[PDB]
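Undergrad: Structure incoming, see below.
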Amino acid sequence: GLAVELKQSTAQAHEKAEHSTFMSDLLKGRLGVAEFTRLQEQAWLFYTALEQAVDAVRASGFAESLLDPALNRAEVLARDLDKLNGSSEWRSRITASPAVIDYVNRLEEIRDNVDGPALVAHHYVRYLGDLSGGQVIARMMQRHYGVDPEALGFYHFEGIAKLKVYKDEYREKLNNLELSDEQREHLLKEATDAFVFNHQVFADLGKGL
Amino acid sequence: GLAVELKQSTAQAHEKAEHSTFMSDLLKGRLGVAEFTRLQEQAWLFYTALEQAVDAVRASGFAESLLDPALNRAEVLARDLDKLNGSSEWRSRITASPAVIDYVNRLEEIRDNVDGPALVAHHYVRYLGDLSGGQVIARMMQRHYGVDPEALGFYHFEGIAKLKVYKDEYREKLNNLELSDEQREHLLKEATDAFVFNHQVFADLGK
C-alpha cells in the first residue's frame with residue numbers, strides 16, 4: 001500500500017521539518033502573532049503555486065478523486081491574511097524567501113510538466129498535513145497568540161463534515177492510484193523533497209529571531 | 001472559578017517575581033530613593049504601553065467593567081517622577097531596559113491585535129499588585145528612605161475608597177468574564193508571562 005510506504009519513506013524528512021526551531025518555538029508560545037502571520041504569507045505564496053499545479057494535473061484526468069477542490073487553501077488563506085494584517089497591504093509587500101522561491105519553482109515545473117505522480121507527493125505533504133495537524137496548530141495559535149478564530153480559516157475545511165473519515169478515505173485513494181513502479185518511485189522521492197522544502201521555509205522564517 | 005485558577009496557575013512565576021533580589025533589597029531597606037526612582041522610571045514606560053492596550057481593549061467592548069479608568073497610573077506616575085527627579089528632565093533621559101523593551105513589545109502586540117484576554121492577564125498582574133504589594137512598597141519607601149508621600153501618588157488610587165471591597169469585586173468580575181476555552185487558556189498563559197516580564201525588569205534594575 002502506497003499510503004504506508006509514503007509514511008515510512010518520508011519519516012526522516014518529516015520529523016526534521018516538523019521539529020524545526022521555528023515551528024517548535026512557535027508552538028511553545030515563544031514567538032508572536034507576527035511570526036504566525038509571516039508563516040501564513042509564505043504559505044499563501046506556495047499554496048498559490050501548488051494549486052496551479054493541482055489544477056493542471058486534475059484537468060489532465062490524473063488522480064481526480066484525490067485532488068478534491070474543496071481542499072483549496074489559497075483563497076481562504078488570503079482572507080485570513082486580510083484579517084491578520086488588517087488591510088490588503090500584504091499583497092504588494094510580501095515576497096518569497098529563498099526556500100519559498102525554490103519550492104515554488106519546483107511546483108511550477110510540476111505544473112508545466114503536468115507531472116501527476118510528483119503533484120500527488122506535494123498534495124500529500126501539504127493537504128494531509130493540514131487535515132492531520134490543523135486543529136492542533138490552530139489551537140496553539142489561539143492559546144499562545146490570541147489569534148481570532150475567524151483568521152484561522154486555513155485550518156478549517158468547509159466542505160468536509162468529518163476529518164477522521166476524510167483522512168482515511170484520502171489514504172485509501174492513495175492506495176488505489178494506478179502507478180507504474182517508475183511513477184511510484186518518482187512520487188516517493190518527491191514526497192521527501194517536499195518535506196525538505198518545507199523545512200527550509202521554516203529555517204528562513206526563523207532566521208534572526 | 002477563574003480567579004482561583006489564575007492565582008494557582010501563576011503561583012511559581014509570581015513567587016519568583018516577588019522575591020527578586022532587587023525588589024527584596026528595596027523593600028527591606030538595603031537600597032535607596034535612587035533605586036526606587038529608577039524602578040518608577042521603567043514603570044512609567046511600561047504603564048504607558050499597558051494603558052494604551054487597556055484603552056484599545058476597553059474601546060473594543062471587552063471586559064469593560066474590569067477596565068476601570070480610575071486605575072490609570074501613567075499621569076500620576078509622571079508627576080511622582082517630576083517630584084523625585086526635581087524636573088521634567090527624566091522624559092528625555094530615560095530609556096527602556098532590555099527587559100522593559102520586551103515587556104513593552106508584548107503590550108504593544110496585545111494592543112495591535114486587540115487581544116482582550118491577554119490584556120486582562122496583564123491588567124491583573126499590574127493593578128492587583130499595585131492594590132496589594134504596592135501598598136507595602138509605598139509604606140516602606142517612606143519608612144526606610146524618607147520618600148515624601150507626595151512622590152508616592154502612584155500607590156494612591158483616587159475614587160477607590162476601600163481596597164478590600166475593590167479587590168473582591170475585581171475577582172468576581174474575573175469569575176463572570178465570558179471566555180472560550182482557548183481564550184481562557186490564553187489569559188492564563190499570558191498571566192504567567194506577565195509575572196516573568198516583571199521579574200526581568202527587576203533583574204535589569206539590579207544590574
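Residue numbering restarts at 1 in every chain; chains get A, B, ... in the order shown in the C-alpha cells, and ligands count up from 1 in that same order.
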Would you list which chain B residues are within 9 Å of chain A using only C-alpha atoms, as a PDB file with N, CA, C and O atoms, in the first residue's frame?
TA:
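Contents of selection.pdb, as written:
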```pdb
ATOM      1  N   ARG B 106       5.436  43.283  24.058  1.00  0.00           N
ATOM      2  CA  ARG B 106       4.276  42.416  24.257  1.00  0.00           C
ATOM      3  C   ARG B 106       2.998  43.240  24.416  1.00  0.00           C
ATOM      4  O   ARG B 106       1.945  42.919  23.836  1.00  0.00           O
ATOM      5  N   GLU B 109       1.960  44.560  21.118  1.00  0.00           N
ATOM      6  CA  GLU B 109       1.407  43.445  20.341  1.00  0.00           C
ATOM      7  C   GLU B 109      -0.034  43.146  20.758  1.00  0.00           C
ATOM      8  O   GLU B 109      -0.918  42.962  19.913  1.00  0.00           O
ATOM      9  N   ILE B 110      -0.279  43.147  22.065  1.00  0.00           N
ATOM     10  CA  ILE B 110      -1.632  42.978  22.593  1.00  0.00           C
ATOM     11  C   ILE B 110      -2.560  44.096  22.128  1.00  0.00           C
ATOM     12  O   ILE B 110      -3.688  43.830  21.707  1.00  0.00           O
ATOM     13  N   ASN B 113      -3.212  43.673  18.258  1.00  0.00           N
ATOM     14  CA  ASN B 113      -4.069  42.515  17.992  1.00  0.00           C
ATOM     15  C   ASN B 113      -5.392  42.611  18.766  1.00  0.00           C
ATOM     16  O   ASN B 113      -6.210  41.684  18.714  1.00  0.00           O
ATOM     17  N   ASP B 115      -6.146  42.140  21.801  1.00  0.00           N
ATOM     18  CA  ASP B 115      -6.208  40.824  22.426  1.00  0.00           C
ATOM     19  C   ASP B 115      -6.738  41.002  23.849  1.00  0.00           C
ATOM     20  O   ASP B 115      -5.969  41.206  24.802  1.00  0.00           O
ATOM     21  N   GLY B 116      -8.058  40.932  23.978  1.00  0.00           N
ATOM     22  CA  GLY B 116      -8.728  41.183  25.249  1.00  0.00           C
ATOM     23  C   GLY B 116      -8.279  40.294  26.393  1.00  0.00           C
ATOM     24  O   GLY B 116      -7.893  40.788  27.461  1.00  0.00           O
ATOM     25  N   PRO B 117      -8.374  38.965  26.207  1.00  0.00           N
ATOM     26  CA  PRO B 117      -7.911  38.046  27.259  1.00  0.00           C
ATOM     27  C   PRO B 117      -6.461  38.272  27.704  1.00  0.00           C
ATOM     28  O   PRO B 117      -6.176  38.257  28.906  1.00  0.00           O
ATOM     29  N   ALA B 118      -5.550  38.504  26.762  1.00  0.00           N
ATOM     30  CA  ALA B 118      -4.169  38.819  27.129  1.00  0.00           C
ATOM     31  C   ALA B 118      -4.091  40.102  27.935  1.00  0.00           C
ATOM     32  O   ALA B 118      -3.342  40.186  28.920  1.00  0.00           O
ATOM     33  N   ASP B 181     -12.758  28.353  25.779  1.00  0.00           N
ATOM     34  CA  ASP B 181     -11.694  27.570  26.390  1.00  0.00           C
ATOM     35  C   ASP B 181     -10.333  28.101  25.943  1.00  0.00           C
ATOM     36  O   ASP B 181      -9.410  28.217  26.740  1.00  0.00           O
ATOM     37  N   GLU B 182     -10.225  28.417  24.655  1.00  0.00           N
ATOM     38  CA  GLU B 182      -8.986  28.927  24.090  1.00  0.00           C
ATOM     39  C   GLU B 182      -8.612  30.285  24.682  1.00  0.00           C
ATOM     40  O   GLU B 182      -7.449  30.508  25.005  1.00  0.00           O
ATOM     41  N   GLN B 183      -9.589  31.180  24.815  1.00  0.00           N
ATOM     42  CA  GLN B 183      -9.341  32.497  25.427  1.00  0.00           C
ATOM     43  C   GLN B 183      -8.899  32.372  26.873  1.00  0.00           C
ATOM     44  O   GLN B 183      -8.005  33.091  27.315  1.00  0.00           O
ATOM     45  N   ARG B 184      -9.513  31.441  27.601  1.00  0.00           N
ATOM     46  CA  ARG B 184      -9.165  31.223  28.998  1.00  0.00           C
ATOM     47  C   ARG B 184      -7.740  30.670  29.131  1.00  0.00           C
ATOM     48  O   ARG B 184      -6.956  31.136  29.963  1.00  0.00           O
ATOM     49  N   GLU B 185      -7.397  29.685  28.298  1.00  0.00           N
ATOM     50  CA  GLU B 185      -6.022  29.164  28.262  1.00  0.00           C
ATOM     51  C   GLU B 185      -5.017  30.284  27.956  1.00  0.00           C
ATOM     52  O   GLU B 185      -3.954  30.378  28.569  1.00  0.00           O
ATOM     53  N   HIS B 186      -5.374  31.143  27.007  1.00  0.00           N
ATOM     54  CA  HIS B 186      -4.515  32.248  26.617  1.00  0.00           C
ATOM     55  C   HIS B 186      -4.326  33.260  27.751  1.00  0.00           C
ATOM     56  O   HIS B 186      -3.205  33.718  27.999  1.00  0.00           O
ATOM     57  N   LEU B 187      -5.416  33.591  28.444  1.00  0.00           N
ATOM     58  CA  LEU B 187      -5.348  34.500  29.584  1.00  0.00           C
ATOM     59  C   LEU B 187      -4.391  33.953  30.649  1.00  0.00           C
ATOM     60  O   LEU B 187      -3.525  34.678  31.159  1.00  0.00           O
ATOM     61  N   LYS B 189      -1.944  31.652  30.250  1.00  0.00           N
ATOM     62  CA  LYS B 189      -0.596  31.677  29.659  1.00  0.00           C
ATOM     63  C   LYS B 189       0.005  33.069  29.843  1.00  0.00           C
ATOM     64  O   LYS B 189       1.095  33.224  30.391  1.00  0.00           O
ATOM     65  N   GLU B 190      -0.736  34.080  29.402  1.00  0.00           N
ATOM     66  CA  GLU B 190      -0.255  35.448  29.439  1.00  0.00           C
ATOM     67  C   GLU B 190       0.028  35.968  30.850  1.00  0.00           C
ATOM     68  O   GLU B 190       0.965  36.743  31.045  1.00  0.00           O
TER      69      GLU B 190
END
```
Undergrad: Write down as a PyMOL selection string the residues belonging to segment 117-193 of chain A that are assigned helix (DSSP H, G or I) by DSSP computed on the backbone.
TA: chain A and resi 117-145+149-151+153-155+163-175+181-193
Undergrad: Could you list, as a VMD selection string, every residue within 12 Å of segment 43-48 of chain B, counting only C-alpha atoms and ignoring same-chain residues fewer than 6 positions away?
TA: chain B and resid 36 to 37 54 to 55 71 to 82 90 to 91 94 to 97 99 to 108 111 122 to 123 125 to 127 130 154 194 197 to 198 201 to 202 205
Undergrad: Name the residues in contact with segment 17-31 of chain B at a cut-off of 9 Å, using only C-alpha atoms, excluding same-chain residues fewer than 3 positions from it; report them as an NGL selection string.
TA: :B and (12-14 or 34-36 or 133 or 136-137 or 140-141 or 143-145 or 195-200 or 202-206)
Undergrad: Could you turn the residues from that selection into a file that holds N, CA and C atoms, as an mmCIF file, in the first residue's frame?
TA:
```cif
data_model
loop_
_atom_site.group_PDB
_atom_site.id
_atom_site.type_symbol
_atom_site.label_atom_id
_atom_site.label_comp_id
_atom_site.auth_asym_id
_atom_site.auth_seq_id
_atom_site.Cartn_x
_atom_site.Cartn_y
_atom_site.Cartn_z
ATOM 1 N N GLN B 12 4.069 29.889 40.636
ATOM 2 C CA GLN B 12 5.522 29.777 40.528
ATOM 3 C C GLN B 12 6.178 31.039 39.986
ATOM 4 N N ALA B 13 5.657 31.546 38.868
ATOM 5 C CA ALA B 13 6.176 32.780 38.276
ATOM 6 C C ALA B 13 6.005 33.974 39.215
ATOM 7 N N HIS B 14 4.873 34.006 39.915
ATOM 8 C CA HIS B 14 4.595 35.066 40.880
ATOM 9 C C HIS B 14 5.640 35.070 42.007
ATOM 10 N N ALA B 34 17.145 56.486 45.082
ATOM 11 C CA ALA B 34 17.643 56.427 43.701
ATOM 12 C C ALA B 34 17.123 55.177 42.977
ATOM 13 N N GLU B 35 17.266 54.020 43.618
ATOM 14 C CA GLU B 35 16.801 52.769 43.035
ATOM 15 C C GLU B 35 15.286 52.759 42.875
ATOM 16 N N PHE B 36 14.565 53.284 43.863
ATOM 17 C CA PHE B 36 13.113 53.397 43.735
ATOM 18 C C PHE B 36 12.747 54.257 42.517
ATOM 19 N N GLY B 133 0.642 44.407 47.185
ATOM 20 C CA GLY B 133 2.075 44.632 47.432
ATOM 21 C C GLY B 133 2.502 46.081 47.311
ATOM 22 N N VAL B 136 2.387 48.065 50.467
ATOM 23 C CA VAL B 136 3.538 47.796 51.332
ATOM 24 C C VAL B 136 4.756 48.588 50.839
ATOM 25 N N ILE B 137 5.002 48.557 49.530
ATOM 26 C CA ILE B 137 6.095 49.327 48.933
ATOM 27 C C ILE B 137 5.996 50.809 49.319
ATOM 28 N N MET B 140 6.942 51.418 52.930
ATOM 29 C CA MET B 140 8.354 51.206 53.181
ATOM 30 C C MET B 140 9.271 52.197 52.480
ATOM 31 N N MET B 141 8.864 52.776 51.349
ATOM 32 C CA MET B 141 9.685 53.834 50.763
ATOM 33 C C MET B 141 9.738 55.045 51.686
ATOM 34 N N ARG B 143 9.042 54.867 55.105
ATOM 35 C CA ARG B 143 9.703 54.478 56.351
ATOM 36 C C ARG B 143 11.208 54.250 56.234
ATOM 37 N N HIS B 144 11.642 53.491 55.233
ATOM 38 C CA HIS B 144 13.078 53.208 55.099
ATOM 39 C C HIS B 144 13.890 54.387 54.566
ATOM 40 N N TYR B 145 13.353 55.078 53.561
ATOM 41 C CA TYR B 145 14.153 56.033 52.790
ATOM 42 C C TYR B 145 13.697 57.481 52.906
ATOM 43 N N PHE B 195 4.054 38.008 34.909
ATOM 44 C CA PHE B 195 4.929 37.933 36.085
ATOM 45 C C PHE B 195 6.406 37.824 35.691
ATOM 46 N N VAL B 196 6.692 36.993 34.692
ATOM 47 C CA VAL B 196 8.071 36.820 34.234
ATOM 48 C C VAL B 196 8.654 38.118 33.677
ATOM 49 N N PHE B 197 7.861 38.842 32.876
ATOM 50 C CA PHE B 197 8.299 40.146 32.373
ATOM 51 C C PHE B 197 8.720 41.054 33.526
ATOM 52 N N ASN B 198 7.890 41.101 34.563
ATOM 53 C CA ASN B 198 8.189 41.935 35.721
ATOM 54 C C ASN B 198 9.420 41.493 36.506
ATOM 55 N N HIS B 199 9.595 40.180 36.646
ATOM 56 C CA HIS B 199 10.819 39.626 37.229
ATOM 57 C C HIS B 199 12.050 40.127 36.471
ATOM 58 N N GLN B 200 11.979 40.086 35.140
ATOM 59 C CA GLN B 200 13.096 40.526 34.316
ATOM 60 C C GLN B 200 13.372 42.022 34.445
ATOM 61 N N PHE B 202 12.988 43.728 37.206
ATOM 62 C CA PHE B 202 13.755 43.780 38.460
ATOM 63 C C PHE B 202 15.212 43.350 38.283
ATOM 64 N N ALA B 203 15.432 42.300 37.498
ATOM 65 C CA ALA B 203 16.781 41.790 37.265
ATOM 66 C C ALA B 203 17.662 42.843 36.598
ATOM 67 N N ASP B 204 17.116 43.534 35.598
ATOM 68 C CA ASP B 204 17.834 44.612 34.922
ATOM 69 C C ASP B 204 18.121 45.792 35.853
ATOM 70 N N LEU B 205 17.179 46.092 36.747
ATOM 71 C CA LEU B 205 17.385 47.159 37.730
ATOM 72 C C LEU B 205 18.521 46.845 38.712
ATOM 73 N N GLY B 206 18.732 45.562 38.997
ATOM 74 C CA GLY B 206 19.862 45.130 39.824
ATOM 75 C C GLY B 206 21.217 45.265 39.143
#
```
Undergrad: Can you work out which one of B:191, B:64, B:146, B:131 has the shortest atom-to-atom distance to residue 165 of chain B, counting only C-alpha atoms?
TA: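 So, comparing all the options, the nearest one is B:131.
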Undergrad: Please provide as a list in words all residues within 10 Å of residue 78 of chain A, with the sequence filter that same-chain residues fewer than 3 positions apart are discarded (counting only C-alpha atoms).
TA: residues 40, 41, 44, 73, 74, 75, 81, 82, 83, 84, 88, 90, 91, 151, 153 and 154 of chain A
Undergrad: Give me the residues near residue 4 of chain A as a ChimeraX atom specification, where near means some atom within 10 Å (using only C-alpha atoms) and where sequence neighbours in that chain fewer than 2 positions away do not count.
TA: /A:1-2,6-9,171,174-175
Undergrad: When you look at residue 182 of chain A with a cut-off of 12 Å (counting only C-alpha atoms), what residues show up, excluding the ones that are within fewer than 5 positions of it in the same chain? I need them as a short mmCIF file (atom, residue, chain, number, x, y, z; two decimals) with N, CA, C and O atoms, in the first residue's frame.
TA:
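The new file out07.cif reads:
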```cif
data_model
loop_
_atom_site.label_atom_id
_atom_site.label_comp_id
_atom_site.auth_asym_id
_atom_site.auth_seq_id
_atom_site.Cartn_x
_atom_site.Cartn_y
_atom_site.Cartn_z
N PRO A 117 2.32 12.08 -10.69
CA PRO A 117 2.96 11.47 -9.51
C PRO A 117 3.66 12.49 -8.59
O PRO A 117 3.45 12.44 -7.38
N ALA A 118 4.45 13.40 -9.15
CA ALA A 118 5.11 14.40 -8.31
C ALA A 118 4.09 15.31 -7.61
O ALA A 118 4.27 15.67 -6.44
N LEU A 187 7.16 9.52 -7.19
CA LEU A 187 6.29 10.08 -6.16
C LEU A 187 6.94 10.02 -4.78
O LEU A 187 6.95 11.01 -4.05
N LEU A 188 7.45 8.85 -4.41
CA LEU A 188 8.09 8.68 -3.10
C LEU A 188 9.28 9.62 -2.91
O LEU A 188 9.42 10.27 -1.87
N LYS A 189 10.13 9.72 -3.93
CA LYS A 189 11.26 10.64 -3.90
C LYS A 189 10.76 12.08 -3.71
O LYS A 189 11.29 12.84 -2.88
#
```
Undergrad: Separation of atom CA of residue 83 of chain B and atom CA of residue 150 of chain B, in Å?
TA: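 Between atom CA of residue 83 of chain B and atom CA of residue 150 of chain B the gap is 7.8 Å.
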Undergrad: Restricting the calculation to only C-alpha atoms: of A:185, A:68, A:115, A:89, which residue gets closest to residue 166 of chain A?
TA: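 Of the candidates, the smallest distance to residue 166 of chain A is held by A:68.
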